[PDB]
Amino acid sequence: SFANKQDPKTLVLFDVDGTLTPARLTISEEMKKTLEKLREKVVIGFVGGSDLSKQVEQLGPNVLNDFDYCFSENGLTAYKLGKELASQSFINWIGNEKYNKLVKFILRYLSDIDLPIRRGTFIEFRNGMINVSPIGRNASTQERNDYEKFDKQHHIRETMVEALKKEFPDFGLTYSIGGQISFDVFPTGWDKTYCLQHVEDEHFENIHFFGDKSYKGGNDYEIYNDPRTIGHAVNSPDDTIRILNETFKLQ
């Protein structure tokens, strides 16, 4: 319930990796007691781009009872008070019919272009997106370096993205070219801000967000700068703890 909190009208959301935990490690004991004390005053929750099976590694096994809200895959999978609230996936949203046209088009497109180096894992299917690589994610470190230079000279990914946009003008997808070898395809607005529709029915006066990659291009950018949140940029769990202690007057 939301009955035993000094401010049942304030929610604090946390990016997981690098905000509640170190850069690639598990959560500290002081952070857990800090959250436990924070939960006494306000509603707390987390949001991360990975699934619940990756966040248990970072946050612990008893995660559904540690946070009032648990947002996995940017909120595609959501829990409230430890009960499932909603589940959504890319394939459920787009449907198999459209996804089969999309895959067949991409497979044909890749078979027709001229590449000097091909490897494998040209399409990686994920729960909230697909990733498309003309050379393939199985390229070695050096093959990825080489492809990046080839792609800068011949604009392979850019041209493929434009071909996809014109072939599927009504699919509602966003395309993001990033890194050395690939681009992301996902429904517009399926970033960390996705999770906020899940808390709307509580009509909080304030929604705080803490994240370590709020810069341009980071996966906290959209939700930090969202009008529904008060953003707090951090660089470590230590910053998170320092800010929490003063802001919510923890003892």
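Residue positions are given as counts along the sequence shown, with the first one as 1.
Participant: I need to verify one thing: averaged over C-alpha atoms only, is the B-factor higher for 92-100 or for 67-75?
Facilitator: In the deposited entry, the stretch with the higher C-alpha B-factor mean is 67-75.
Participant: Mean C-alpha B factor from the entry: is it higher for 13-21 or for 224-232?
Facilitator: Per the PDB entry, the higher value belongs to 13-21.
Participant: Take the CA temperature factors straight from the PDB entry and tell me which of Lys213, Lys192, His208, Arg39 peaks.
Facilitator: By C-alpha B-factor in the record, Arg39 ranks first.
Participant: Taking the Cα B-factors listed in the entry, which of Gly49, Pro61, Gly45, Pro187 comes out highest?
Facilitator: Largest recorded C-alpha B-factor: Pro61.
Participant: With respect to C-alpha B-factor, does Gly128 fall in the lowest, middle or highest third of the chain as deposited?
Facilitator: It falls in the middle third of the chain.
Participant: Would the CA B-factor of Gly120 place it in the lowest, middle or highest third of its chain?
Facilitator: Tercile = lowest for this residue's CA B-factor.
Participant: Taking only the Cα B-factors deposited for this chain, tell me whether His154 sits in the lowest, middle or highest third.
Facilitator: As the PDB entry reports it, the C-alpha B-factor of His154 lands in the middle third of its chain.
Participant: Among the chain's modelled residues, which third holds the C-alpha B-factor of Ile113?
Facilitator: For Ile113, whose C-alpha B-factor we compare with every modelled residue in the chain, the answer is the middle third.
Participant: Comparing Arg137 with the other modelled residues of its chain, is its CA B-factor in the lowest, middle or highest third?
Facilitator: As the PDB entry reports it, the C-alpha B-factor of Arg137 lands in the lowest third of its chain.
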